[PDB]
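# Architecture and fold: a report
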Amino acid sequence: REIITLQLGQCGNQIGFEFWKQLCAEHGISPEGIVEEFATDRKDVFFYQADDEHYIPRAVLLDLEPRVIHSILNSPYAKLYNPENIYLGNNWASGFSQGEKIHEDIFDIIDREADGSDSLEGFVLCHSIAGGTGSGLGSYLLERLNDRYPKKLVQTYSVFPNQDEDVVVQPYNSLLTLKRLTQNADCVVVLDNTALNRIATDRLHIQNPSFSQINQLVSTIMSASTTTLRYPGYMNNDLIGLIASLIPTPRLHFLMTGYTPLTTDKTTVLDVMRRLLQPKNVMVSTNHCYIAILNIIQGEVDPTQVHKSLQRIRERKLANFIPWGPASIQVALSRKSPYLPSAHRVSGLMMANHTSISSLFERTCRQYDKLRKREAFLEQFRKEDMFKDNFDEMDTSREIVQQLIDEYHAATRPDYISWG
Amino acid sequence: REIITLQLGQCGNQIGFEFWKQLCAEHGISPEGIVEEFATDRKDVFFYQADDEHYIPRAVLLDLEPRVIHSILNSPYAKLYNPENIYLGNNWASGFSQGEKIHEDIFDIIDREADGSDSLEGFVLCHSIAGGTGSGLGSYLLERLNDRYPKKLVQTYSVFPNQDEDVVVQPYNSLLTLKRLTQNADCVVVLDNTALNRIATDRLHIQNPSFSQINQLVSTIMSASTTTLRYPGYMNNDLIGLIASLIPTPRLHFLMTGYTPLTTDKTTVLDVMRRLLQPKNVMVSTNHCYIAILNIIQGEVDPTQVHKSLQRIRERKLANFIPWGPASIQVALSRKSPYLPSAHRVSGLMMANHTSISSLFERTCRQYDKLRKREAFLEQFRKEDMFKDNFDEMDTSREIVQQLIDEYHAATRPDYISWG
Amino acid sequence: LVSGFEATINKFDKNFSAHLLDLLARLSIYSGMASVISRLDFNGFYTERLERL
Amino acid sequence: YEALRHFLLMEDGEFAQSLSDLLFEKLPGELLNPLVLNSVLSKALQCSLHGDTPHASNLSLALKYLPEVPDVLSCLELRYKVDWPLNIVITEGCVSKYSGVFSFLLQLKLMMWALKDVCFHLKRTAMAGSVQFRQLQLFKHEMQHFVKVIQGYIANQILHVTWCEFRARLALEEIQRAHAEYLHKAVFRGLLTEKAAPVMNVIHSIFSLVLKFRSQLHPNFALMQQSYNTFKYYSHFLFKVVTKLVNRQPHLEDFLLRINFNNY
């Protein structure tokens, strides 16, 4: 079924903009949405088909107090995304309260693409945790979408902010988001501003313009995570059949990333799997262990080599699973697209469920616990206080995310057969 | 397991620089670090493998108040050694006290290569005895490394300074170094500035630029001492099996050097085994006796000649020894590399445990004893006095080195079964 | 709630695991080829449950 | 020929030093099913760093005996496999004698692993500096050098001098006869022949005493001191039994020179 992407907030609109521009270049699409004259892919899911081959993606752009979205509009690609669905504070509560009044018209914007498509399977959110306007509104929209579409599933391309810790209410905002996501998100893919920044300092000398260059690092992950859907294959030709292996239990739906050529500007499959399992290629910053690992490779890959590579990786033991289950490394293959550079002819990515991400959740929880004892930024603004007089949704969020931390470490324990 | 070399001090950084440049030439490496086009050897141990075949050495360069150290940086080979691990007095106590403050960051530099390699067996130090900044700092680092890494085995390519005896505190510095090295070095290979100088006067007319040319002699010794590790073998492929025959008792771990063609710029193995047992090719300046001898030959050696040659060397009896150890001379064979010239293709080196190095230790001990009676250079600098008010680590060093001298002469005695 | 469901769960889980044993063990007598066992039985999981004879 | 030498005669390093090192980590019902021994070779060719060719396959790591339960014996074969137009030259009885020399070479690898384990096991004991420590470690140095010289003998004869012949000798019936001479010199110089068999019989006493030394890893010092004295007596007997067999074989002339160098 066709995927509708709900990019929201300034940062999320930036990454959705870059994601659709990269799919414009990767597919046979021009900046005006026209089919390219120079051009074998499954473009049905991600791009709506007009009769004059206007491949307009099913992007829903939400602007709240818009600045960046004006710059999005004065672009050469403004004709490419034309489904005409752009509708006009730094606190979570301000974003939530601003979303509540316009929920019906933005939901009618959801409804129109839902009717216009043949079918719809997932809502993929370019969400920003603690992103001022994006946070809060994304949590509220996340809460509305599962009620209105109970059979349907929601993915979150969460850019989890770690910038070495400006937003002084950032742990509070992030805390409330993670409660809303843990109960009301089917899947979450996590990304880290510090980890992408350390990889920026690794592969290049870029330090000060960190966000603009990390946009490309995020967009390569976001494209390679969907390439096996966007191009056909033997297996993983549906989002949901991909999703089920990555998420074994519903509470732990958070997925780490990695890329074998971080400098993607011949290599055998044994080499690229071994390089992927090393921590320098991972883009995420008591025993600890994976719950399940998957990998997808795109390029000039020899077919009988990959099973010998799986045996070889099994003997290398660069990462060991040891959960309660039979989870194994799962090899998958896709085709690199034409017309774009085939540099690093073999190139791959991994998605995995790892217990190390609980430490990162605990970090903003620790910052929140210290800030909550101090009460230095309760904000006391009349929006904040009139919205939450009790300030107990932060405590419900704390107990829910503490359940999540305990569930992660219980998944590390030998007995997750009992209740976690 | 992979070897990490800890080159420190100005003289030690010079010889490590030349050692890695020679291995760049001898192996298939270019000054950028990448493999050359024209290039069956074991380059795994000494050279890290990057993704695009940038064989970077696992060299750790330590500098201290660098002025001439920048000459290493403005070289064509600066891209070859790129692990980015270069971190910013003529007294032993000054070097020790300067190393103590930066020990944690230089040890993190050790830790990073420790994690980055698959495995680690040894720390091979390009140490300079009484080398101003190199001495003291090398003793302190040698004391830290066995505590932190007790499983690994430390080698020391000590360039023992004998320049016909400017440093006026040189016996004090060398005295403290030898205490630290006897206690905290698993093996030491000794070299002599006057012996390499007399060899320079023998082979060429070079007298005034002695250091710059002796660098090449030291580098030939340093390369041929590890050639059987760097190139594949049937035996002694690990460093430990090589080391254990050379060092029979833990206290006497000091190893003599010599090279068969004193000018290498056909010969049977009878001749090239004979030439090692001549004192003109030895590179080191009561009965006295070897404790165990080993030799390694290079090139396309005729092998039934080595039956004849071992029986011939036994009948010749040019090497006189009768220690407590069994002391059979062991013969080894290796291949000359397919890049470097084939002129003098047969070419050999010896490493041996000899009691005559105790005389050289006693020489700087005698200089120290005279200087210690005079107290002419106690230095009285506030670093030296505040670091060592008792001046009793010099006396502890004197009793430890005197134990070493007595142990060498007891090794000459027929009863080293009893305590030496 | 569980009287009708968990009774069907355990009898199916025991019947799944037994036929999962019999698939692995009857493929293990087949000495590429034996790797379908060691893929199914990855890093320590269900590679030693019941030794036949 | 130059590939079967890389695998069977253990010439290629990091392969025997991994296959033997993997097998010796375990030591009955285990280590004999085809789940571990038929897979340890597919684990060992990966860390060979030389091979993974069409020649590198057909290495059937099979057995020929079922052991029940301190000795120096672990019977295990390693057979190459060929196809039709090469099976007519490499005879099916030649590879059996390859197995016959292979068991001895693997048994030799057992010594340099277990003695390395007692050299490494004492390293963690180090403060404890006294009589009973240094006089004990002198025994390890005295016993290691014997293995390290008999292995150097083997490593000069069966891999180098018998490989200079049959390499410069070749360059259809002559291929059969030359191969049957190359192997026969490899097993003649290896002290596996029944003519020089008492010389081989003394080596088992030496190897068994080093294994007993590995057993006692200072609660029982004198129990090990007696074992060292028995070792020294047996080596001193080997030097006489090799000298008496000089009058009755130029291959053994290297051995007295290897074992005796400035001693008696």
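Residues numbered from 1 in each chain as written, not as in the entry; some residues may be left out. Chains lettered and ligands numbered in written order. Part of a larger assembly, values for the part shown. Heavy atoms only, no water. Residues with missing side-chain atoms left out of burial classes, pairs and counts.

Its PDB header names cryo-EM as the technique used to obtain the model and reports a resolution of 16.1 Å.

The secondary structure content of chain A amounts to 14 helices and eleven strands. Against the globule reference of 22 Å for 420 residues, chain A gives a C-alpha radius of gyration of 21 Å, in line with a compact fold. Considering only C-alpha atoms, chain A reaches an extent of 65 × 55 × 45 Å along its principal axes. (Helix = DSSP H or I, 4+ residues; strand = E, 2+ residues; numbered from the N terminus. Rg over C-alpha atoms; globule rule 2.2 N^0.38 Å.)

All names here are of chain B. Taken together, nine strands build an open sheet; the order of strands is 4-1-5-6-7-8-11-9-10 and the sheet is mixed. Every other strand in the sheet has two partners, leaving strand 4 (59-62) and strand 10 (330-334) as the edge strands with one partner each. Each neighbouring strand pair of the sheet contributes to a mean axis angle of 20 degrees, computed without reference to strand direction. Bridge count between strand 6 (residues 153-160) and strand 7 (residues 187-192): six bridges; the pairing is parallel. Across the sheet, residue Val159 finds its bridge partner in strand 7, namely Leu191. Of the strands in this sheet, strand 1 (2-8), strand 4, strand 5 (120-126) and strand 6 touch helix 1 (residues 10-26), which is tilted by about 140 degrees from strand 1. Contacting strand 1, strand 4, strand 5 and strand 6, helix 4 (residues 134-148) runs over the sheet at an angle of about 150 degrees to strand 1. (Pairing = 2+ DSSP bridges. Axes fitted to C-alpha atoms, helices over the stretch in contact; angles between N-to-C directions. Contact = heavy atoms within 4.5 Å.)

Taken together, the contact between chain B and chain D spans 38 residues of the former and 33 residues of the latter. Buried surface at the junction of chain B and chain D, summed over both partners, amounts to about 3500 Å²; 57% is from carbon and sulfur atoms. Viewed at the interface, chain D and chain B are joined by two salt bridges. With its nearest N and O atoms 2.6 Å apart, the salt bridge here joins D:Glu14 to B:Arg42. Residue assignment for the side of chain B that touches chain D shows that the elements contributing at least two residues are helix 9 (239-246), helix 11 (304-316) and strand 10 of chain B. The leading source of residues in the side of chain B that touches chain D is helix 11 of chain B, at seven residues. Counted by class, the side of chain B that touches chain D contains 21 nonpolar, twelve polar and five charged residues. (Buried area = accessible area lost by both parts, 1.4 Å probe. Salt bridge = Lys/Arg side-chain N within 4 Å of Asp/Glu carboxyl O. Nonpolar A, V, L, I, M, F, W, Y, C, P; charged D, E, K, R; others polar.)

So, about a negative patch on the surface. Among the surface-exposed residues, A:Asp271, B:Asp51, B:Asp52 and B:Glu53 lie close enough to one another that they form a single negatively charged patch. Relative to the assigned elements, B:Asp51 resides in the loop between strand 2 (47-48) and strand 3 (56-57). (Patch = residues over 30% accessible without salt bridge, like charges linked within 9 Å, V, L, I, M, F, W, Y side chains within 5 Å. Areas by Shrake-Rupley, 256 points an atom, 1.4 Å probe, with all protein chains shown as cover. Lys, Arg positive; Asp, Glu negative; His and termini not counted. Charge placed at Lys NZ, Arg CZ, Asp CG, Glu CD.)

Moving on to the nonpolar core. Counting residues in each nonpolar core, the largest one holds 166 residues, and the members touching the most others are B:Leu6, B:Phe123, B:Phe321, B:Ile357, B:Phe361 and D:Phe255. Here this core gets 16 residues from one element, more than from any other, and that element is helix 5 (residues 94-121) of chain D. Beyond its immediate chain neighbours, meaning those up to four positions away, B:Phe123 contacts B:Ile4, B:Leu6, B:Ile110, B:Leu145, B:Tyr149, B:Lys152, B:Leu153, B:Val154 and B:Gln155. A:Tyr140, A:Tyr149, A:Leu360 and A:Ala410 belong to the second-largest nonpolar core, a separate cluster that totals 55 residues. (Core = buried A, V, L, I, M, F, W, Y, C linked by side-chain atoms within 4.5 Å. Buried < 20%, exposed > 50% of the residue type's maximum accessible area, 1.4 Å probe, protein only.)

Let us look at the pattern of salt bridges. In this structure the tally under the stated criterion is 35 salt bridges over all chains. B:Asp147 serves as the salt-bridge partner of B:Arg144, at 3.0 Å between the closest nitrogen and oxygen. Taken together, the residues B:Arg144 and B:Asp147, both in helix 4 and three residues apart, mark about one turn of the helix. Note on B:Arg144: relative accessible area 30%, which makes it partly exposed. The salt bridge involving D:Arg169 is made with D:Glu174; its shortest N-O contact spans 3.9 Å. An identical accessibility class is assigned to D:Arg169 and D:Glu174; each is exposed. In the salt-bridge network here, residues are joined through shared partners; they are A:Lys179, A:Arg180 and A:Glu393.

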